[PDB]
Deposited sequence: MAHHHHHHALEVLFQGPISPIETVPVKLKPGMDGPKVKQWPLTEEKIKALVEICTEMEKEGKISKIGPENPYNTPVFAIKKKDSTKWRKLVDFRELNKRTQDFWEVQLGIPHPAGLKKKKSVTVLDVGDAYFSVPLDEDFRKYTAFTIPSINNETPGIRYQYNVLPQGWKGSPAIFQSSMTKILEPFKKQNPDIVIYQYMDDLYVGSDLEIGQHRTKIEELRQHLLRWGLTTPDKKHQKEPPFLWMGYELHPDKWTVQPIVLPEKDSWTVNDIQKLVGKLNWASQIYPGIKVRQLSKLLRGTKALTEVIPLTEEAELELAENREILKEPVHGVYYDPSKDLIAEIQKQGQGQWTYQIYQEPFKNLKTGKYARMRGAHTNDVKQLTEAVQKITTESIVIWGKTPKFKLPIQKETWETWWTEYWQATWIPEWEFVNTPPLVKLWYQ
């Protein structure tokens, strides 16, 4: 008896028509079982070929979780779906969530299945389950309720959400709550033990509406107050070589695209002759200060760089070797909003893909907390290699946009 909220696609855009990609045995079984139970419970319903739309579907296991979780790649549908900020169902972003000592991430996607989906919009949620060795043609379904991973689910459902959290918010006015896709971000300044208790309070509070009307019991801890940035650094050497100064000049020349005040004249003077790379040349009086004055400029912040909510976020990542990984986040090139470095992640020293996947998840998490947006990634990897292994290591309930690049490292710019 719940009236449906109407939905439309962006004017002049068809629905998603994406092929399903091959799935492993273990993953097909999980989906077949999961989709048999959703069909019974009326959350999905079988369809035929007359529905021309399709979306990919696979299964994942969140960190330290043993049971499967259906994951739909609604990236295409989300881009073709109406922007709900214009509908005023857009969720505002709190600027104080990134300041808290602790932040837990709760998967509330299971709640979206309680709300029906506009009949005229259900055909855009079509997906197909494949079979090993193509024993059976595709088994196609479509959603009758708000699907997990669709950008319209949290929007339509927010009105019901604020109700459930009204008593908890009034009892705990210092806690900050933020909703992004199937996730709920809860943060406070309490001690660890006191924090984790207030989360279990929020959980049972959700059961009190679950009894009233993947699973809710899981939670992941963040500590945004401990996040640091990776700035550009110039090495501190007591003796320099021709090679050291040649790399330094190139780096300073590249850096000047970001910091306008950088100068290399007095340093270039040291490279006047035609010398061997290994020759040690001292630093002139003018050069020492030029280096020191450039170091100073790299301490202070870039001018005129700030966040624009109307602009997409881009993120670049560089493989530095030895399990080190650097990244930068920006909206306009050379106006970086944040830079960082990751190291010793899972896969270190044996699996590049596992490390890069973990890095994409790490970076997206930080963009959600800080700005409420997922960035499009420029991944340093060959397309076919990424599309062969990335699903074997994905542990998040969302999927960001990405593109592939090949930029050899001529300047070790973000690492030494």
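- Stretches of the deposited sequence left without coordinates are 1-19, 233-241, in sequence order.
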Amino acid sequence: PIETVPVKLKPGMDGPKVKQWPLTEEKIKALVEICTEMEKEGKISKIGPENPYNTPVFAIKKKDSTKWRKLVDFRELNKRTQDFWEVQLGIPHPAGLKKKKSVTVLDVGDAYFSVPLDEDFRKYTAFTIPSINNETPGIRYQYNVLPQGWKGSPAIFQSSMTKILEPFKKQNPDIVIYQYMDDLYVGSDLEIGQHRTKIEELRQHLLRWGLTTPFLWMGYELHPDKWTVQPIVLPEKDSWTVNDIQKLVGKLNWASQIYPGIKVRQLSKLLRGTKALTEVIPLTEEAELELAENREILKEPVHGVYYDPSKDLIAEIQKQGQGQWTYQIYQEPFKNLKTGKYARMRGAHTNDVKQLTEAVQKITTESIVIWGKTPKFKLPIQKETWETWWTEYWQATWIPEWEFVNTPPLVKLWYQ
From here on, numbers count along this sequence of modelled residues.
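- Across the two stretches, 269-277 and 79-87, the PDB entry reports the greater mean Cα temperature factor for 79-87.
- For the pair 308-316 and 224-232, the record assigns the higher mean C-alpha temperature factor to 224-232.
- Out of 115, 72, 218, 252, the entry records its largest CA B-factor for 218.
- Listed residues 338, 203, 344, 122 were ranked by CA B-factor as deposited; 203 comes out on top.
- Ranked by Cα temperature factor within the chain, residue 25 sits in the middle third according to the deposited record.
- Ranked by Cα temperature factor within the chain, residue 182 sits in the lowest third according to the deposited record.
- Residue 159: CA B factor in the highest third of modelled residues in this chain (values from the PDB entry).
- Among all modelled residues in this chain, the alpha-carbon of residue 208 has a temperature factor (C-alpha) in the highest third.
- Among all modelled residues in its chain, residue 330 ranks in the lowest third by Cα B-factor.
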